[PDB]
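In order, the protein sequences belong to chains A and A'. A prime marks a further copy of an entry chain. Per PDB author numbering: the first sequence = residues 1 to 364. Per PDB author numbering: the second sequence = residues 1 to 364. We treat Cβ as the ideally placed atom computed from N, Cα and C, and that holds for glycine. First the structure, in the form of structure tokens, and then the observations on it.
Protein chains: 2
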Amino acid sequence: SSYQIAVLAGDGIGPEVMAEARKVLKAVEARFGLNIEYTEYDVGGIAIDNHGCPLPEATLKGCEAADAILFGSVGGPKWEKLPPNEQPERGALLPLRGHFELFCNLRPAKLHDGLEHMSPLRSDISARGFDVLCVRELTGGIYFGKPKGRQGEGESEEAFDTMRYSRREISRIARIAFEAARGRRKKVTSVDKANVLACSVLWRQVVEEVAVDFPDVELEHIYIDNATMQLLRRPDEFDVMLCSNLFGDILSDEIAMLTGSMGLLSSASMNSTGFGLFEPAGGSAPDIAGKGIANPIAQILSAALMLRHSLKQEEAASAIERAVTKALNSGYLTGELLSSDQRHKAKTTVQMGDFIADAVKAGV
Amino acid sequence: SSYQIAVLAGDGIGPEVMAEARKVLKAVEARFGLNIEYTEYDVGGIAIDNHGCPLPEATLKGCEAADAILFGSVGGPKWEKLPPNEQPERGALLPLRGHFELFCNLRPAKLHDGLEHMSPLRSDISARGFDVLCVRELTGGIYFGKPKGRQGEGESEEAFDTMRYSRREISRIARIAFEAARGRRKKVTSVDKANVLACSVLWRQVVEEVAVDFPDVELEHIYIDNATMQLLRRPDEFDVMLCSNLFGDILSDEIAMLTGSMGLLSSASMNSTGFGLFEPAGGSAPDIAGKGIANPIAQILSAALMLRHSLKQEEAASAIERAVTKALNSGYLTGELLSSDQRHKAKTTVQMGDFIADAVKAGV
Ligand SMILES: CC(C)[C@H](C(=O)O)[C@@H](O)C(=O)O
Ligand SMILES: CC(C)[C@H](C(=O)O)[C@@H](O)C(=O)O
Ligand SMILES: [Ca+2]
Ligand SMILES: [Ca+2]
Ligand SMILES: [Cl-]
Ligand SMILES: [Cl-]
């Protein structure tokens with residue numbers, strides 16, 4: 001019936017961009033007759049300010065009462081002297097993922113036509129283009145493995161983290177990657193360090209076991225140091241990249257930055273029942289906050305991921321995506337998408353959201 | 001008195017490039033009156049073929065009787081179906097590092113003048129240039145931490161690796177990085193994941209403790225997912241990058257590939273007594289082997305690192321480096337350094353070594 005969304009806009013540009021996502025959602029709600037109710041909750045640094053911790057009890061409970069979390073961004077210089085476990089970004093995101101079992105992170109990164117010049121890639125590499133989905137295991141591996149901590153004092157004081165995966169954890173993230181490849185270009189590149197790590201040995205072994213169910217999908221394996229090199233040089237050769245938690249973290253940010261256009265990229269972190277956490281791929285960009293400069297496209301597109309993946313509102317999700325395409329091909333781009341001689345054509349955050357929501361209303 | 005070198009040329013191009021390094025060493029030996037004796041030992045795939053394992057007992061003992069290991073490259077398709085712990089690359093390199101306590105890996109990567117076009121970076125980024133030394137902790141962390149293995153069966157079978165660092169391990173790699181920065185551009189970027197990992201919390205804490213002894217060196221910290229993004233985009237902003245084992249592995253290969261010219265880059269892995277293992281940064285490139293095509297500069301420069309760091313032959317090391325510079329500025333470049341319209345000017349491996357050794361002889 002009537003969906004419930006926990007809106008966790010966080011810090012920096014999170015609120016001003018979330019305002020545009022919500023604006024575009026309003027247009028989609030009216031066009032498709034969706035009944036979505038939203039409640040806002042403090043998270044990250046504003047929650048520390050307001051409630052003394054990055055993930056208040058009340059915010060968590062709001063997320064459990066929701067069908068999805070629409071999440072902005074967290075962190076900023078203000079909290080960047082806090083002891084590393086009280087800090088906003090890890091203190092909002094890791095417990096969210098752990099509590100809701102959001103084991104699947106999807107971060108698709110593509111080079112958009114006309115924006116090749118912005119890619120830090122050499123012009124003939126960006127001109128080939130790319131389109132790489134990183135599928136990253138989000139609730140296991142070295143992030144949540146135990147023992148973690150430290151023992152001892154002085155020179156022999158040591159600290160430790162345990163990277164741990166079971167067959168079950170690996171197979172459920174691998175199926176996600178194969179299924180995604182199946183509807184893309186039918187190739188999974190599994191990324192590990194199987195020459196060094198026992199988790200990676202089992203990782204590679206299991207993802208190969210999952211492959212039997214996808215005889216139309218090509219699987220190759222690559223070590224993470226090789227994957228990071230190869231993506232800099234021929235990112236067009238990857239379709240779906242399938243990674244454990246630490247590796248996926250590194251790789252997803254790497255190809256996102258290779259696009260040159262992070263303010264266009266969004267993220268889905270989902271559990272097996274369709275609940276998920278939907279967010280822009282970039283940070284809270286505190287330096288540009290409250291200035292009407294941030295690109296809201298990433299947050300807008302996060303709301304379209306939320307519609308699709310949690311609310312099963314595929315039409316609505318697709319309408320927002322095309323209203324974004326339309327912006328991008330009708331000269332509605334924020335300042336960071338424009339070369340320095342074109343930076344005077346920059347639209348503000350409000351202008352971007354206004355356009356994109358008008359487009360949805362107009363039947364794009 | 002008379003130095004002893006264990007020559008472990010390995011597989012692929014390792015031998016034909018090592019022949020050029022040895023040729024250039026002969027010229028340096030004659031010019032500086034150095035008495036260097038060399039013994040060759042099988043390692044990697046040729047050792048599996050010849051002795052049934054990648055690091056024969058006899059090879060190890062040859063390395064213990066040596067002042068340094070001059071190491072080529074290991075691995076190739078031939079051994080790439082072996083169970084992952086019998087494989088040549090990990091089976092030669094990790095036990096070498098562990099046995100000789102080679103905790104310090106130095107991999108300097110710079111963009112050479114005139115070779116900017118080869119960098120996968122966008123032209124205005126490569127034109128700024130860069131010069132980044134990755135200092136990577138090589139004997140600890142998740143590579144050698146215990147417990148490592150697996151337990152269980154079926155879906156609940158799990159495997160595990162332990163990332164472990166002590167204050168002592170961190171402080172000795174950090175001093176190396178600060179000392180290196182001190183003689184470069186006086187900045188250390190320490191790379192960790194302190195927002196997630198207990199090893200990284202202690203890592204950051206300790207490297208900050210080491211910093212007190214280097215008040216002329218700026219220290220900043222960066223997370224590894226951010227470091228991999230930032231290096232793609234503004235690699236000119238880094239001087240020394242200081243990393244743990246897994247992270248340094250990823251980062252050193254990333255900036256090496258950002259140079260566009262891996263066949264020029266070499267590696268030093270050294271213990272605290274000056275013994276070390278010296279090797280080209282790139283692999284065994286099996287596809288181009290025995291064809292007189294491989295760039296020997298990386299192996300030649302590995303021999304100059306060996307002279308400097310193990311044999312305390314600074315003059316000799318410097319003479320080889322300048323003979324390399326001279327090649328590179330006198331039109332002696334192998335095929336992979338030349339744009340496709342200039343690829344007819346390519347020199348062979350023998351021609352490169354001949355030139356570089358002539359240059360040393362001539363008093364470069
Ligand atoms: C903030 C940090 C814990 C987080 C991660 O490592 O997952 C961030 O890097 C990300 O990619 O969401
Ligand atoms: C082969 C592998 C074990 C090794 C490493 O991870 O150290 C290689 O990647 C390297 O960089 O030397
Ligand atoms: Ca990240
Ligand atoms: Ca490597
Ligand atoms: Cl992991
Ligand atoms: Cl490590």
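(request) Check whether the Cβ atoms of A:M118 and A:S261 lie closer than 7 Å to each other. (result) yes
(request) Put A':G154 into one of helix, strand or coil per three-state DSSP. (result) helix
(request) State the Cα-Cα distance for the pair A':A9 and A':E37, rounded to the nearest angstrom. (result) In this structure, the alpha-carbon of A':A9 lies about 15 Å from that of A':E37.
(request) Please state whether DSSP places A':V206 in a helix, a strand or coil. (result) A':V206 carries a helical assignment under DSSP once its states are collapsed to helix, strand and coil.
(request) Please list, in chain order, all residues of the same chain as A:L307 whose beta carbon is under 6 Å from its beta carbon, the five residues on each side excluded. (result) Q313, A316, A317
(request) Just the C-alpha distance for A':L328 and A:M229, rounded to the nearest angstrom, thanks. (result) 24 Å
(request) State the start and end residues of the unbroken alpha helix (DSSP H) segment that holds A:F247. (result) 245-259
(message) Suppose you measure from the CA of A:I48 to the CA of A:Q87; what does that come to, to the nearest Å?
(response) Within the model, the alpha-carbon separation for A:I48 versus A:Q87 is close to 9 Å.
(request) Could you name each continuous alpha helix (DSSP H) segment of 4 residues or more that falls completely within the stretch 159-209 of chain A', going from the start of the chain to the end? (result) 167-182
(request) Output the residue ranges of the beta strand (DSSP E) runs that lie fully inside the stretch 118-152 of chain A and measure 3 residues or longer, sorted by chain position. (result) 131-137, 149-151
(request) Hey, could you find the ends of the alpha helix (DSSP H) A:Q230 is sitting in? (result) 224-233
(request) In angstroms with no decimal places, state the Cα-to-Cα distance between A:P84 and A':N195. (result) 6 Å
(request) Out of A':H221, A':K187, A':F238, point me to the one whose CA is closest to A':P215's CA. (result) A':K187
(request) Report yes if the CB atom of A':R122 is closer than 7 Å to the CB atom of A:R128, and no otherwise. (result) Between A':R122 and A:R128, the C-beta gap is not smaller than 7 Å, which leaves the two residues out of contact.
(request) Return the residue from the list A:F238, A:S252, A:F160, A:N245 that minimises the CA-CA distance to A':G145. (result) A:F160
(message) Just to confirm my understanding: we take A:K347, look at its own chain, exclude 5 residues before and 5 after, and list those with CB closer than 7 Å. What are they?
(response) Answer for A:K347: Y332, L333, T334, listed in chain order.
(request) Pick helix, strand or coil for A':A68, following the three-state DSSP scheme. (result) strand
(request) Would you check if the distance between the CB atom of A':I356 and the CB atom of A':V24 is smaller than 7 Å? (result) yes
(request) Going by CA-CA distance only, name the one from A:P120, A:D124, A:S126 that's closest to A':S126. (result) A:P120
(message) Based on DSSP bridge pairs, tell me the residues matched to A:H221.
(response) A:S190
(message) Considering Cα atoms alone, identify which of A':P108, A':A65, A':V207 is closest to A':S2.
(response) A':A65
(request) Consult DSSP for A:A268 and reduce its assignment to one of helix, strand or coil. (result) Here A:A268 sits in strand by DSSP.
(request) Answer yes or no: does any C-beta atom of chain A' fall closer than 7 Å to that of A:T189? (result) no
(request) Compute the Euclidean distance between the alpha carbons of A':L34 and A':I5, then round it to the nearest angstrom. (result) 12 Å
(request) Would you grab the beta carbon distance between A':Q299 and A':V17 for me? Rounded to a whole angstrom, and I think it's under 8 Å. (result) 4 Å
(message) Could you check whether the Cβ of A':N245 sits closer than 6 Å to any heavy atom belonging to ligand 6?
(response) yes
(request) Identify every residue that forms a DSSP beta bridge with A':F278. (result) A':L70, A':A268
(request) Would you tell me roughly how many angstroms separate the C-alpha atoms of A':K81 and A:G152, rounded to the nearest one? (result) 42 Å
(request) Give the residues of chain A' in contact with A:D249, contact being defined as C-beta atoms less than 7 Å apart. (result) By Cβ distance, chain A' contributes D225.
(message) Quick check: the Cα distance between A':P296 and A':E279, rounded to an integer number of angstroms?
(response) 11 Å
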